[PDB]
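A short reminder: the numbers here are calculations on the coordinates, not readings from a lab. Because the Cβ atoms are built from the backbone with ideal geometry, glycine has one as well, and the counts that use them run over all protein chains shown.
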Amino acid sequence: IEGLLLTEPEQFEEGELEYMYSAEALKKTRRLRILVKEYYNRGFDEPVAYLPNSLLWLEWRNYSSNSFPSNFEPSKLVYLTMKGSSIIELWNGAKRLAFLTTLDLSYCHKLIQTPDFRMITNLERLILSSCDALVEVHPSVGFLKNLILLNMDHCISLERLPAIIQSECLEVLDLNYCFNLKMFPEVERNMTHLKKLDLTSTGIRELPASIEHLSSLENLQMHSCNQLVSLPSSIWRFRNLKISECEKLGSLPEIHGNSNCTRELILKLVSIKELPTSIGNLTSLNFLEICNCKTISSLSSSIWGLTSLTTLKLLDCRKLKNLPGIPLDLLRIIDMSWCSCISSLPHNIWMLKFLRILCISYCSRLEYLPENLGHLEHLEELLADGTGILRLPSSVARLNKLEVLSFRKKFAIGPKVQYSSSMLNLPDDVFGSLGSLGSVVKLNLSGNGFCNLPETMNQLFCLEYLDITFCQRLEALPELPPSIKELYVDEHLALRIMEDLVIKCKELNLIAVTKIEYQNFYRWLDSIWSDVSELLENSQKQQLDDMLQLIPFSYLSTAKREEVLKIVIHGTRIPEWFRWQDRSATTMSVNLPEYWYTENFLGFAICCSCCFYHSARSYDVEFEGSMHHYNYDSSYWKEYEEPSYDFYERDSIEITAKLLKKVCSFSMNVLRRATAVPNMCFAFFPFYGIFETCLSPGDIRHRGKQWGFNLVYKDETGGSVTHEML
Amino acid sequence: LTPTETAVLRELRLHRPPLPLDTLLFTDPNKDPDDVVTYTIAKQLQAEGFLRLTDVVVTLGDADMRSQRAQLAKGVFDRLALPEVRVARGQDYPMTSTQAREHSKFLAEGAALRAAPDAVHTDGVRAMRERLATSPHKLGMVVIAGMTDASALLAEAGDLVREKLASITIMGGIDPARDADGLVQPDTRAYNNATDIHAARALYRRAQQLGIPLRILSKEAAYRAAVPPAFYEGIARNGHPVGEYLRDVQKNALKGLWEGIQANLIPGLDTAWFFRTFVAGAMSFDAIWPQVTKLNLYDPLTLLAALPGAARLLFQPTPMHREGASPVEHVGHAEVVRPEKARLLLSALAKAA
Ligand SMILES: [Ca+2]
């Protein structure tokens, strides 16, 4: 026959399929090379007991009882694959297989031991997957001189590999999710030819000193390794190192000076007290990130000799104290976030320049920032999210290259926001530091209690993004630059500003209106769905109607702008000025009438009801859901740290209007205390068909439930549309 | 006993399916009064022909811990007139020291509920593989526990597991960000997803790549469908050992919380917060207990959503899959349209059994 491929069993229905592989049938063969069983057994099987000694290519699924036939000595084979179970003790031992190359055993759920490898060589692929009860790998496997793909996946009970790996050309070595290993094998020679070394979720104790050979990989990623406590110095011979989620490390290997090449250093969720204090010998680093280490109290000594580092990131360094101080010329990136324990910054940084990226985020215990900042004329991004810095440092007007300036303060949400002793009755009149600046693109101010503004704002140019978020005690905005695309303002003075500046400002795209009362009404999470105080909407429902009534409508002229008019406001109901309301179905479909051009038709005004979420809402709902049962203990709460979360977020939605294709996106601010609030969103797009507006294929959290639609017209914005639908 | 609960129960009777559905269940019993409610309502549904429980799997512990959990589950099932379901232990999964400490939880009230220490079976998903292979019809899978064994089951014989399964119902969460390949990944904050993140990711990816429909329930469904405390007293009025057990555990947990919130031991919570989400100075608990109306049941809603017969009666799934992808949809707080009938079903199909 010379070839047999057993097809699906649901085609005979008499038992011929069992007959073909039955012992009496294979006698007539006398020559057979390939035998594949690609069909899984439905409910029944017949044990095979011949196994003629002539095969070369064999694939079996759901094999019969444990052992192979005792007379199976093929003396020649190439390819063996088993997807079955209960195949313990493949051979009695010392089996002479000369030509066998490929050995694959997948999901053999009770294989207790591999056969002997004293004779068989030239084994190119050895694959073992999902072997649940396997505690030994027959270290003779490590003596093969030609091994290419060693796969060991989901080995629950794996304990020891061969102690020595003698292979000279090993390409793929995968050890995945073992989490029960004891020691990585020590290699002898150099594997110049190697592609993949996977070591994932393994319960190793420490790497041996022979890892320098594996320096042919130049990368080392370690994730969720929860058993190792030390590393060899040879790991320093790697170009990229990324260590994450090691609950107990305690130390880092001392630098021996043998390696001079390493540029990528990433450390996460690690217990590293201090650095080895000899980092300068590497003199090749480019990127250093330390993220959320609970015990990083002392960083290092003389770290500033790394020969012009480039990227320095320190996140969630809850206990990292005052920095040693600079005694570098290619430093672009300095990020420090949520460093609570730091009290001040070293002064000598005002010598350092060519920085251009400085972020201080949510550092509460930092007040006296550096003041001189002389000849620091290269900064471009400056972020200040934490408290402490009450007054901006003097001589800040010397620099003239800043483009992004963020200044956020944290307050307490209640019936009325109260500033910190009214900013310690700060002289708000003399505030002119930001006025003296120039060429500023993004300017964010929130939580600052200033009554007056600089009068030189006209000189300042290209201020594309302007945010004044929860800034009360303010009477009026004196003068605004003519190039503000995005404006975020409080509801206290919002009606005047838009009708006063949209007609004048040529490029004013998006206006966001924020009200504290609507913010603090949803302080509890349950308030979004449980019930709503009716009168509150009547506090702002007519606010939207009068705002819509007071709008200059001159967008039907030539296209000065490629963008449309976008307004975001609080609220959860139609302002009733729309004559076409849809309750449900999370979709819109309006069959507008025809012959609109009797009078010039300005455009379609569309309204949507949505609600934006804080990025951390899942944590609060999960926390309170667990609180509904509260199986915790008193000792648990003594060392519980609340996971640091940003107090401000920018949430956006995307909508598309189809009848020409026009797609535009919304945005507004969301606070930490008030995770989700409902918002009204108005869009106006100046100009047979059916008006349609779906949100997006994605937008998992965002649906939108209410819609409105009218046709606006000429004759002093009459809007007397002949549309009667509901 | 109330006329409206009988009316909605007979409505559910009229809405019966033609063929019972065999379901595979993964639970972590004796940690909260929720999984026992799920068992009770599953038994009562089976007596009505809606479903038919075959096997159960225990998780969230060490070898001895999971053995004890399976023993208690077998005892509860035996005393619930369910002497057919097979109890099977799980398989080992990686643990951190903090995770091990919080996963070694075992309330003392469940010590007596353990059955004879020989009827338990400690193989795993080996039996479920055979039944899944030889089942003459399609089955549904419900996950309300760790995803380790569930991930193990779907990692082998893709064609078999896609050709003899209907859908998967899980109580968990959805990460707001899409995957690199456009798939949907579980979030890190959900308790079931945080039990073993790798297994959860593997389950979600395999289910979405194999064409099996996915049912996901959030945590706010219980918020929309809270239950009054008179349910516990009603079920325990007749001296049922199981009902007594749930009443005792709920009382213990609630008074532990009420004593902990006093003297501001727990940060971020105060006396005002307790009276907000549990009601609408500091007296004895015996007077606080009557004025509660918003207790939560999480996993029973997942079982209710699993059955297509009752899925259309009160839920309204929201599709979220990409146009080219396997059908996956999420049911949250906005999808529950009739919470009153939901509470009625919980009270009815939990009180009768
Ligand atoms: Ca559970």
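When residues of the stretch A:309-335 are filtered for being under 25 Å from A:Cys261 (Cβ atoms) and either loosely packed, with under 14 Cβ neighbours inside 10 Å or of a type in the set (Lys, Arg) (or both), how many remain?
The qualifying residues number 5.
Quickly run through the stretch A:617-632 and pick out the residues that are more than 18 Å from B:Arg224 (Cα to Cα) and more than 9 Å from chain B (Cβ to nearest Cβ).
none
Quick one: would you say A:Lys321 is under 30 Å from A:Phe411 (Cβ atoms) and within 27 Å of the chain's Cα centre (by Cα)?
In short, no.
What number of residues in the stretch B:125-174 are within 12 Å of another protein chain (Cβ to nearest Cβ) and either under 19 Å from B:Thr302 (Cα atoms) or of a type in the set (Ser, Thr, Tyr) (or both)?
9
Taking the stretch A:332-383 as the region of interest, how many residues are of a type in the set (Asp, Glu) and not in a loop (DSSP other than H, G, I, E, B)?
Matching residues across the stretch A:332-383 total 2.
Looking at (1) more than 13 Å from the chain's Cα centre (by Cα); (2) within 16 Å of the ligand (Cβ to nearest atom), which is the only condition B:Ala63 fails?
Result: B:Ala63 passes all but (2).
Here is a yes/no grid of residues against (1) within 25 Å of A:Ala209 (Cβ to Cβ); (2) part of a loop (DSSP other than H, G, I, E, B); (3) more than 14 Å from chain B (Cβ to nearest Cβ):
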residue: A:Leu252; (1), (2), (3): yes, yes, yes
residue: A:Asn260; (1), (2), (3): yes, yes, yes
residue: A:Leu269; (1), (2), (3): no, no, no
residue: A:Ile272; (1), (2), (3): yes, yes, yes
residue: A:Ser284; (1), (2), (3): yes, yes, yes
residue: A:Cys293; (1), (2), (3): no, yes, yes
residue: A:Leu312; (1), (2), (3): no, no, yes
residue: A:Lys321; (1), (2), (3): no, yes, yes
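Does the stretch A:195-207 contain any residue that is of a type in the set (A, V, I, L, M), surrounded by fewer than 18 Cβ atoms within 10 Å (Cβ to Cβ) and away from chain B (no Cβ under 14 Å)?
So far as the stretch A:195-207 goes, no, none of its residues is of a type in the set (A, V, I, L, M), surrounded by fewer than 18 Cβ atoms within 10 Å (Cβ to Cβ) and away from chain B (no Cβ under 14 Å).
Identify the residue in the stretch A:87-138 that is more than 23 Å from A:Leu56 (Cα to Cα) and among the charged types (D, E, K, R) and, among all such residues, is farthest from the other protein chains (Cβ to nearest Cβ).
Of everything passing the filter in the stretch A:87-138, A:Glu136 is farthest from the other protein chains (Cβ to nearest Cβ).
Just one of the numbered conditions (1) within 14 Å of another protein chain (Cβ to nearest Cβ); (2) surrounded by 14 or more Cβ atoms within 10 Å (Cβ to Cβ); (3) not in a loop (DSSP other than H, G, I, E, B) is not true of B:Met95; which one?
(3)
Among what's in the stretch B:210-236 and is within 14 Å of chain A (Cβ to nearest Cβ), more than 16 Å from the ligand (Cβ to nearest atom) and outside any helix (DSSP H, G or I), pick the residue that is surrounded by the most Cβ atoms within 10 Å (Cβ to Cβ).
In this case the residue turns out to be B:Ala225.
Can you spot a residue in the stretch A:269-284 that is among the acidic types (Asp, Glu), in contact with a helix residue (DSSP H, G or I) (Cβ under 9 Å, 6 or more places away or on another chain) and surrounded by fewer than 18 Cβ atoms within 10 Å (Cβ to Cβ)?
no
Identify, by number, the condition in (1) within 16 Å of the ligand (Cβ to nearest atom); (2) away from chain A (no Cβ under 14 Å); (3) outside any loop (DSSP other than H, G, I, E, B) that B:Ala207 doesn't meet.
(1)
Across the stretch A:677-726, what is the number of residues that are aliphatic (A, V, I, L, M) and farther than 13 Å from A:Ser609 by Cα?
Here the count works out to 7.
Just give me the residues in the stretch B:262-276 being part of a helix (DSSP H, G or I) and facing chain A (nearest Cβ under 9 Å), in sequence order.
Of everything in the stretch B:262-276, those that are part of a helix (DSSP H, G or I) and facing chain A (nearest Cβ under 9 Å) turn out to be B:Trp273, B:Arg276.
Within the stretch A:522-540, can you find the residues that are crowded, with 18+ Cβ neighbours inside 10 Å and not hydroxyl-bearing (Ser, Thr, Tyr)?
A:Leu525, A:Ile528, A:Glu537, A:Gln540 - these are the residues of the stretch A:522-540 that are crowded, with 18+ Cβ neighbours inside 10 Å and not hydroxyl-bearing (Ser, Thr, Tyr).
Scan A:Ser527, A:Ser539 and give me the residue that is small (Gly, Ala, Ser), in a helix (DSSP H, G or I) and within 14 Å of another protein chain (Cβ to nearest Cβ).
A:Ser527
Within the bounds of the stretch B:74-82, is there any residue that is within 16 Å of the ligand (Cβ to nearest atom), surrounded by 19 or more Cβ atoms within 10 Å (Cβ to Cβ) and basic (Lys, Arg)?
Among the residues of the stretch B:74-82, not one is within 16 Å of the ligand (Cβ to nearest atom), surrounded by 19 or more Cβ atoms within 10 Å (Cβ to Cβ) and basic (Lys, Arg), which makes the answer no.
Just to be sure, is B:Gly90 within 16 Å of the ligand (Cβ to nearest atom) and either of a type in the set (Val, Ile, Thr) or on the phi < 0 side of the Ramachandran plot (or both)?
Yes; evaluated as a whole, the condition is true for this residue.
Which condition from (1) part of a loop (DSSP other than H, G, I, E, B); (2) in contact with a strand residue (DSSP E or B) (Cβ under 6 Å, 6 or more places away or on another chain); (3) more than 14 Å from chain B (Cβ to nearest Cβ) is the one that A:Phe682 breaks?
Exception for A:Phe682: condition (1).
Could you pull out the residue among A:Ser589, A:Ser644, A:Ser615, A:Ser584 that is hydroxyl-bearing (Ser, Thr, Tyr), within 30 Å of B:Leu297 (Cβ to Cβ) and in contact with an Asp or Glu (Cβ under 8 Å, 6 or more places away or on another chain)?
A:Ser615
How many of the residues in the stretch B:237-251 are in contact with an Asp or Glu (Cβ under 7 Å, 6 or more places away or on another chain) and either surrounded by fewer than 18 Cβ atoms within 10 Å (Cβ to Cβ) or within 14 Å of chain A (Cβ to nearest Cβ) (or both)?
The total comes to 2.
Go through the stretch B:8-30 and give me each residue that's within 16 Å of the ligand (Cβ to nearest atom) and either more than 14 Å from chain A (Cβ to nearest Cβ) or in contact with a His (Cβ under 8 Å, 6 or more places away or on another chain) (or both).
Answer for the stretch B:8-30, where residues must be within 16 Å of the ligand (Cβ to nearest atom) and either more than 14 Å from chain A (Cβ to nearest Cβ) or in contact with a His (Cβ under 8 Å, 6 or more places away or on another chain) (or both): B:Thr23, B:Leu24, B:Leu25, B:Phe26, B:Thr27.
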